Structures are given as C-alpha cells and as structure tokens.
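Only one chain is given next, in structure tokens, and it is the form solved without the RNA.
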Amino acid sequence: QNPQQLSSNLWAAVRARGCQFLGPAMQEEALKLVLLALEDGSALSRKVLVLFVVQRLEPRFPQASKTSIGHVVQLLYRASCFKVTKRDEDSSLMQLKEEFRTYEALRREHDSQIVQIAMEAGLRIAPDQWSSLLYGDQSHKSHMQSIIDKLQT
C-alpha cells in the first residue's frame, strides 16, 4: 500500500535472496560492464567476472566492491541469464545466454526478476513507482507495465 516502505521492503527482499540493486545509475553501468565482458561469448569464472566489473566500475563509482558486485551477478544468475559450465575440481565458468547479449534484453530480464521478487514478497508496486525505483525517472512506465503484464501470464 504505502510507497516509502514498499521501497525499503523491496530492497530488503532483494538482499534476502543474496542479490543487490546498487541504484539506477550504478546498476546500469555495472550491467554494461557484465555485457562488455560476456557479449562476445567469453566464459569467465565468477571470480574473474566480478574482478573485471569491479575494476572498471570503481573509478566512476568508488564504493564498488567485490561483495556488492557479486550480489549483482547473483541477481542475473537468479534471473537465469547465464549458461554455466561446471568443471568438477575447477571453477565453473559463466557465459551470457545468446538471448541476453544486448543491453536492452539483459536489463529486461534483470528488471523482470526484481518484479518477481516483489511478487514473492507480497509487495504490490505500480508501474510509476517501478520506473522511479529502477530508473530514477517517470519515463520507463510502459516498460514496467509490459513486465508486469507478462508476469500475470
């Protein structure tokens, strides 16, 4: 019902699932760096994916850390964005699935997972507040409405 609490309850739900949203400006840049590493089909351990991202993000966003970026990667993992190759005694490697090798499609699956988390947590958030929470503006409402429509069958 009440908006300012919907927001703190959303981000606590996200964090309860081992995930993080870093804020609209920082999330967008973090997601572009994941794409920069993985859009060509490269296959990176979780460790090296995090290192690539943190090292390129931290200069513009000095609070970036391996912990916080690991949480962002977990969100994409929960969203089923990666093909994971398991290697027994060796670290698993992660690639972006082909479908998610462009920013708009990756960011859509990311946002959709956050809406799914809100639904799991019993939080009823309208497209305008979604646009505010994920983009910091009122220009992504039709995008958010499309995600909601698709999650109600």
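Position 1 is the first residue in the sequence shown; the rest follow in order.
What comes next is about the form deposited with the RNA bound, which is not displayed.
The RNA in the bound PDB entry comes within 4.5 Å of a heavy atom belonging to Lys66. By the criterion of a heavy atom within 4.5 Å, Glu104 is excluded from the residues contacting the RNA in the bound PDB entry. Shown alone here, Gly136 lies farther than 4.5 Å from the RNA in the bound PDB entry, counting heavy atoms only.
In the bound PDB entry, the RNA sits beyond 4.5 Å of every heavy atom of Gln55. The chain is drawn here without the RNA; in the bound PDB entry, the stretch among 104-112, 34-42, 122-130, 87-95 whose residues come within 4.5 Å of it by any heavy atom is 87-95. Residues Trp11, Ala12, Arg15, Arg17, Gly18, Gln20 are the ones in 4-23 with at least one heavy atom within 4.5 Å of the RNA in the bound PDB entry, listed in sequence order.
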